[PDB]
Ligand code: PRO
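Below you'll find only one chain, the form solved without the named molecule, shown as structure tokens.
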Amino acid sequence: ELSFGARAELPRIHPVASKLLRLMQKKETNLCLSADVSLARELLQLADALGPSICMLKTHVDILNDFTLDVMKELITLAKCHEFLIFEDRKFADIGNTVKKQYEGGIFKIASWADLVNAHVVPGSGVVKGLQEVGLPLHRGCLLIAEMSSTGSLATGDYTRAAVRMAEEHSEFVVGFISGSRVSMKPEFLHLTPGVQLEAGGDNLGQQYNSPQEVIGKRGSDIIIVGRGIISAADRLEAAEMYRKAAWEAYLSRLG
């Protein structure tokens, strides 16, 4: 079990994973904020206020009512100032020829500003191969969806194993997984886990929740992704701090 700091130095580490690991160590945070908001001013207010507490901000640019590239330019200034990576949760899941265009072009120009994106593995490795053509020149990384937090998820068994294999065969671009627990023993790969809250439960339209101690300390994941557990709290600063301390202490416990 290596520290984040030491994994940032592994000979085979991807530069983006290495950059994320060094900043998680420096800032003592393994918390990704799911910035699930509809206005650009909310997204920038949250990134500025909660930046110090997080290693990563996860966006859904396609839910922003007033997206412009100038919003993303301002987000990058905040990511650079407070030191976190930007993860656009686009869940690419088309053939390689189409995802390449969806990643580089259209109105969002996602590769122009997202350090990380994710993809489903259901199309086969072409999905990774098309993204890579755009993301490698721009020094970008991708996470593959190995498992899902939601009820009825088909991302189990042989499907998870295919995501892991795909990741090993594309490690110049794939830096880890979205998953509910550690799915690879290779320490170069990051594991990010959504469906996290301090309290048990907690469905609604299919989502399921586990605590930071369970997913970090017991299930061996690296980073927790939290949206509503922070964003719906009265005091989002205190809430972000609670999740950061929970996830950081669970990670320390695991190192022994």
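We number the residues from 1 along the sequence you see.
What follows is about the form solved in complex with the named molecule, which we do not show.
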Open or blocked: site for the named molecule, pose in the entry with it bound superimposed, 2.4 Å backbone/C-beta cut-off, 3-atom minimum:
blocked
Each of 218, 247 and 251 within 4.5 Å of the named molecule in the entry with it bound, by any heavy atom, yes or no?
no
Please check if residue 166 has a heavy atom lying within 4.5 Å of any heavy atom of the named molecule in the entry with it bound.
no
Is residue 136 one of the residues lying within 4.5 Å of the named molecule in the entry with it bound, judged by heavy atom distances?
yes
Proximity of residue 131 to the named molecule in the entry with it bound, heavy atoms at 4.5 Å
yes
In the entry with it bound, does residue 92 have a heavy atom within 4.5 Å of the named molecule?
no
Partner contact check in the entry with it bound: of 74 to 82, 137 to 145, 156 to 164, 181 to 189, the stretch with a heavy atom within 4.5 Å of the named molecule is 137 to 145
Partner contacts for 161 to 175, taking the named molecule in the entry with it bound and a 4.5 Å heavy atom cut-off
173
